[PDB]
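Have a look at the structure below, then the notes.
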Amino acid sequence: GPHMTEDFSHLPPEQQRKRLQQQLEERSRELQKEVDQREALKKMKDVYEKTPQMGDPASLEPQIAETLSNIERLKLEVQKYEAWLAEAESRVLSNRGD
C-alpha cells in the first residue's frame, strides 16, 4: 500500500492479528541484531585492548549496557506480541457459529 493507517482497532479481527505478527518479526529482528553483537561487544573490546587503533573500548561501554538493557526492552516486546497474538485471536475464536 501507499500510505499506512495508525490505529489497528478499526481493522478486522482477522487482519488485526496480522499486525502484531509482522511487528513481531521486527521486534525480534532488531533483537537478533543486537544479540549478534551483544556478545561480539566483549570481543569488540579486546580488538581495541590490543588494537585500539581501530576503535576504543571506552566507546563500547555505553553500547554494551545498551545491548544488555535493550535486549530486555526488546525481547520483552517480542513477548507481549507473541502473547498478544492469542490475546487478539481470542476475539476470533470466541466468535463462533458451529
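If you go through segment 34-74 and pick out every residue that is within 30 Å of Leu85 (Cα to Cα), in contact with a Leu (Cβ under 9 Å, 6 or more places away or on another chain) and not acidic (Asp, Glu), you end up with 7.
Taken over segment 53-98, the criterion of being charged (D, E, K, R), part of a helix (DSSP H, G or I) and loosely packed, with under 12 Cβ neighbours inside 10 Å is satisfied by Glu72, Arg73. When each of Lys50, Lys18, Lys45 is tested for being surrounded by 12 or more Cβ atoms within 10 Å (Cβ to Cβ) and either out of contact with any helix residue (DSSP H, G or I) (no Cβ under 9 Å at 6 or more places or on another chain) or on the phi > 0 side of the Ramachandran plot (or both), the lone residue that passes is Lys18.
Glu34 satisfies every condition listed in (1) surrounded by fewer than 16 Cβ atoms within 10 Å (Cβ to Cβ); (2) under 13 Å from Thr67 (Cβ atoms); (3) not hydroxyl-bearing (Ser, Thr, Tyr) except (1). Residue-level check: of (1) assigned to a helix (DSSP H, G or I); (2) in contact with a helix residue (DSSP H, G or I) (Cβ under 6 Å, 6 or more places away or on another chain), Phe8 misses just (1).
Contact map, segment 26-41: first residue among the acidic types (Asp, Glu), second residue not in a helix (DSSP H, G or I), Cβ cut-off under 9 Å, separation 6 or more or different chains; the map is empty.
Any read-out appearing in this document is the output of simple, stated calculations on the displayed coordinates, not a laboratory observation. Please note: Cβ atoms are built from the backbone with ideal geometry, for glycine as well, and neighbour counts cover all protein chains shown.
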